[PDB]
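S.K.: Have a look at this fold, sequence not included:
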RNA sequence: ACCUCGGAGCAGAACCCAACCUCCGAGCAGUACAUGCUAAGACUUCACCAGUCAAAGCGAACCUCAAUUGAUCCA
Ligand SMILES: [Mg+2]
Ligand SMILES: [Mg+2]
Ligand SMILES: [Mg+2]
Ligand SMILES: [Mg+2]
Ligand SMILES: [Mg+2]
Ligand SMILES: [Mg+2]
Ligand SMILES: [Mg+2]
């Protein structure tokens, strides 16, 4: 049903998190907080390591 | 260990004072240690018992006991429960009383 | 824990206690909550923060960890850059 | 006193009236009779009486407390860390006032061991004795001291009266040599040379603000003036003092002593010191 | 000494419109 | 008078301006009995107040 | 207020500060069961490494 | 007497004098930002034992010769709450239990105050936590003005 | 016949209490990732391992349901 993916940031590489996503949809491009920048940058879905 | 040199100001820093010369006509006497320090230490038995022990007591122990009792009476309001040990020169006093006894023995003449 | 060995006849320790705990000179053992690095996607951030805290042990646990060790692990170390140096001595204690 | 007056009489004190102090010798308990009999203080039957008990920590199949907790880098490499015994300026002033530390000679490690102010253990991974600025106020000594680790406040307080702080490093062999030199002389081996500091201590021992023994002497007055401007007080000049030649004892490295030299065999019996000759030995000892 | 220096270490205020004016 | 400003007695207060025998609207013909004094609130104190009692 | 206290009362200007009571902390036990590492810093006097006989 | 390859003189040939490490550079470090200690009155009137020491230092700001006129006027205007009745600048600190650390903190405070009083083009950080209500009250007090003439 | 957990009466008005006593279920979900970082004080399934609420600050525009789950080692 669902799937767990990891989002990689565009600015300040090194900080990534995990979030749920549907399996029959496309990728994700949300706005997540980055502690090294203290602002809001873009995150791209990359490399899935879970199939729940 | 050599004897400490005679300083110019006897109020020598870091808390140290040498005993004077023919000290006073008292029935009891308090000696020194190897490092020329005042024999006033602390001791604990279990985890809550607190007392101080004067390990160098020579002379009449009852006189020194009465003196320290009269000295600590206004500081506590009651009678300090002490142990008059005669076989050894010890005098246990219940409660944390280290610097006070040190200052009293330094100002008395020991 | 082998109270008497066959060569030296001394007391042996458990290396798991040393690798999983940290004894302070005051008499406290610093441990770590289990499960602080596994399955972090279904836990609230409050639980994630609570699991990442140096939690102290109890009385029987500290006594067991002391009995499992010898007199070498109950000394006082003076490291140059010890982040737990201020936790060795415990002040303001009234029975 | 009254003790001798009471001991003047009474029979003699021989091996017939040896009375131990009450409270020290407790009677031995024997599990025989009715009070300590029947089960001999073992309770009911089972593993508590047969003696076949599991080891300390086993909870009967249940996972113990010291196992369910994962491992963490608490004591990873404790057997390789550098430990330094503390040393406050208050205790130093106390030792100087008592006379165990004479402020007329340069103080290093052997002087502190002879004065018995600090206990330097050759083992347990100890690379010397550090310095503590706990006794900053009411500190009037004015004497050079060689400390392995000295903080900024301690160096400033020492330089206020007119002291010299020398930061040096020594290998554990040099520590064992400088702690007890009498067994080192009774050993029969020549005096080795000092070892260079490790890779993680070169910028610390070659810095000017740390008063290292390998830094250039051209940046010391600048650091002293900076410390005087920071912590206040007018910085006095030691070039006009009568003990100028005593404070200039910077202790050249590859010596691990003072007035001797590496490779000089010291013999206690028959006060004679032998000098190594040849050229290879001198080239190795002066390298 | 000046007799007008009677300040006392503790000073009270008898105004209800005071604590909310200082955001306290 | 100032309800808040007395440093000594907490229940009491100070006096600033006081007049007497004012011929109706003539507030400049009556006799004087207390010189005017501007308020002097403390630094760390709160918000003082002064009321005009007529 | 400074000029008033200077050239009108012949005294010094008193200062104050809105102080607050200290925070409440329970009695420090010997074995703090299930407490963070910062439990010892709650009862610590000064945040500096103190040294006794050393 | 003894010297090896790693000696102090061989590693630094330019520094070989016997007093090159003790020569006080007083002739090349006597600027106006040194703060003279002879005109400062530093006193300690607290010995707590909450172990914290107090180091109070005061000096007549109106008679300071090491400070220029405009910077002195600016630091007296912007810091008119710490000036005593006799023109004494009372500055104290309560951080560490040692007197040396408190004295160094007071010196650093004096230095930063001096270096910020001279720099007039300073961008003020707009805060909104305690001055907003003050500005609102000032605007509301200024708004209620609609007469024609008043002197005094 | 069952192996974990929650609810309804036994257990009635602070709390705890079992049965091979009688019934509903759960191994998830419909929408934004500040579902960021620190830090006083408490409850705690009758021990421990575990779980939960939150003062305040820096940072930002002005979270719903009842159980809803997995530790040591290792990779
Ligand atoms: Mg004892
Ligand atoms: Mg039987
Ligand atoms: Mg049985
Ligand atoms: Mg068996
Ligand atoms: Mg099992
Ligand atoms: Mg409980
Ligand atoms: Mg909040």
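M.R.: Ah, there it is. Numbers count the residues shown, from 1 in each chain, chains lettered A, B, ... in the order given. Ligands and ions are numbered 1, 2, ... in the order given.
S.K.: mind checking the longest helix of chain B?
M.R.: Looking across chain B with DSSP state H, the single longest helix is helix B:61-76.
S.K.: what does the helix or strand that comes right after that helix contact?
M.R.: Downstream of helix B:61-76, the first helix or strand assigned by DSSP states H and E is strand B:82-84. With CB atoms under 8 Å, 6 or more residues apart in numbering or on different chains as the test, strand B:82-84 has contacts from B:61-62, B:65, B:68-69, B:90-94. Placement of C-beta: from N, CA and C, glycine included.
S.K.: Pick the one among those closest to residue A:42.
M.R.: For these, the minimum distance to residue A:42 (CB to CB) is 71.6 Å, reached by residue B:94.
S.K.: So that closest one sits against residue B:80, correct?
M.R.: Yes: applying CB atoms under 8 Å, one finds residue B:94 in contact with residue B:80, separated by 6.1 Å.
S.K.: So for these two, which sits in the more crowded spot?
M.R.: Set residue B:94 next to residue B:80 and count neighbours by other CB atoms under 10 Å in any protein chain shown: residue B:80 wins out with 19 against 15.
S.K.: Name the nearest residue to that one, sequence neighbours excluded.
M.R.: Excluding the flanking residues, the one nearest residue B:80 by CB to CB, 6 or more residues apart in numbering or on different chains is residue B:72, at 4.8 Å.
S.K.: Now distance to chain G too, for the contacts of strand B:82-84, in CSV please.
M.R.: Output for the contacts of strand B:82-84, formatted as CSV (distance: CB to the nearest CB, whole Å):
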residue, distance to chain G
B:61, 30
B:62, 34
B:65, 29
B:68, 25
B:69, 30
B:90, 23
B:91, 24
B:92, 22
B:93, 22
B:94, 21
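S.K.: Drop anything exposed from these.
M.R.: With burial judged by 16 or more other CB atoms under 10 Å in any protein chain shown, the buried subset of the contacts of strand B:82-84 is B:61, B:65, B:68, B:90-91, B:93.
S.K.: State the distance from the closest residue to residue C:17 other than its chain neighbours to residue C:3.
M.R.: Sequence neighbours aside, residue C:68 is the residue nearest to residue C:17 in space, at 5.1 Å (criterion: CB to CB, 6+ apart). In this view, residue C:68 and residue C:3 are 11 Å apart by CB to CB, to the nearest Å.
S.K.: burial count for the residue nearest to residue C:17?
M.R.: Number of residues near residue C:68 (other CB under 10 Å) recorded here: 20.
S.K.: looking at it, it is touching residue C:11, isn't it?
M.R.: No: checked against CB under 8 Å, the pair residue C:68 and residue C:11 is beyond contact range at 9.9 Å.
S.K.: picking up where we left off before, how about the buried ones among the contacts of strand B:82-84 in JSON lines, adding distance to residue F:13?
M.R.: Compiled in JSON lines, the buried ones among the contacts of strand B:82-84 are given as follows (distance: CB to CB, whole Å):
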{"residue": "B:61", "distance to residue F:13": "66"}
{"residue": "B:65", "distance to residue F:13": "60"}
{"residue": "B:68", "distance to residue F:13": "55"}
{"residue": "B:90", "distance to residue F:13": "65"}
{"residue": "B:91", "distance to residue F:13": "61"}
{"residue": "B:93", "distance to residue F:13": "55"}
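S.K.: the helices in chain H, which residues?
M.R.: H:8-11, H:69-78, H:99-118, H:132-143.
S.K.: Just give me the neighbour total for the residue nearest to residue B:80.
M.R.: When neighbours are counted by other CB under 10 Å, residue B:72 comes out with 21.
S.K.: Kindly report the same for residue C:35.
M.R.: 13.
S.K.: could you list every residue that touches the residue nearest to it when sequence neighbours are not counted?
M.R.: Residue nearest to residue C:35 in three dimensions, not counting chain neighbours: residue C:51, with 6.6 Å by CB to CB, 6+ apart. By CB under 8 Å, 6+ apart, the contact set of residue C:51 is C:33, C:35-36, C:43.
S.K.: Repeat the analysis, applying 7 Å as the threshold.
M.R.: Contacts for residue C:51 (CB atoms under 7 Å, 6 or more residues apart in numbering or on different chains) come out as C:33, C:35-36.
S.K.: For chain B, what's its nearest residue on chain G.
M.R.: Chain G approaches chain B most closely through residue G:30 (7.8 Å), counting by CB to the nearest CB.
S.K.: swap in chain E?
M.R.: For chain E and chain B, the shortest gap (CB to the nearest CB) falls at residue E:9, measuring 27.4 Å.
S.K.: Tell me how far that residue lies from residue D:240.
M.R.: In this view, residue E:9 and residue D:240 are 52 Å apart by CB to CB.
S.K.: Helices along chain B, start to end?
M.R.: B:61-76, B:99-108.
S.K.: which parts of the shortest one are buried?
M.R.: Yep, that's helix B:99-108 we're talking about. Under 16+ other CB under 10 Å, the buried positions of helix B:99-108 are B:100-102, B:104-106.
S.K.: Rebuild those as CSV, extending it with distance to chain E.
M.R.: Listed next are the buried residues of helix B:99-108 as CSV, based on distance: CB to the nearest CB, whole Å:
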residue, distance to chain E
B:100, 30
B:101, 35
B:102, 34
B:104, 34
B:105, 38
B:106, 36
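S.K.: quick check, nearest of those residues to residue H:84?
M.R.: The closest of the buried residues of helix B:99-108, once distances to residue H:84 are taken by CB to CB, is residue B:100, at 39.5 Å.
S.K.: Residue F:39 and residue F:48, how far apart?
M.R.: Taking CB to CB, one finds residue F:39 at 6 Å from residue F:48.
S.K.: So residue A:3 sits against residue A:21, correct?
M.R.: Yes: at 5.3 Å, residue A:3 counts as touching residue A:21 under the criterion of CB atoms under 7 Å.
S.K.: Next, show the common contact partners of residue F:39 and residue F:48.
M.R.: Joint contacts of residue F:39 and residue F:48 (CB under 7 Å, 6+ apart) are F:2, F:5.
S.K.: Look at the spatially most central residue of chain A and give its secondary structure.
M.R.: The residue lying closest to the centre of chain A (CA atoms, centre = their mean) is residue A:7, at 1.8 Å. Put simply, residue A:7 is strand when judged by DSSP: H, G, I helix; E, B strand; the rest coil.
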